[PDB]
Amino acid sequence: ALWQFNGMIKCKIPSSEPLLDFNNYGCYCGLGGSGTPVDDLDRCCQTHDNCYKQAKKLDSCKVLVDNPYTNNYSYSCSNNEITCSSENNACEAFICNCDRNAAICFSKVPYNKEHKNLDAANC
């Protein structure tokens, strides 16, 4: 869920408030997304949107009526590393991994304020 993803990105970027800093960035970081990623942080977001859309094709995920930003899973953050728990059932485990990967991606790319609240005419 949204609230596990928020903490995974602060696990990796402790100075950040992910829901403010990474929301509404580029063409993909945020609800939906279309067009060409404007940079690498945006490409991180596009890959995560594709991961979430892959998750929805999983038959395990067909039973999950709570769709991905409300679908709760388990993970821990320890010494700024993220671990998806084995108690996750297959669907939750797929979304956890989607989230792990996007948070780690976000910590490896530049952040460009120019792209914050980027006008949609760009996507």
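The first residue of the shown sequence is 1; numbering continues from there.
The PDB entry records a higher mean C-alpha B factor for 79 to 87 than for its counterpart among 40 to 48 and 79 to 87. The mean C-alpha temperature factor is higher for 55 to 63 when 55 to 63 and 88 to 96 are set side by side. Residue-level temperature factors show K108 in the middle third of its chain, judged at the C-alpha atom.
In the deposited entry, the Cα temperature factor of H115 places it in the highest third of its chain's modelled residues.
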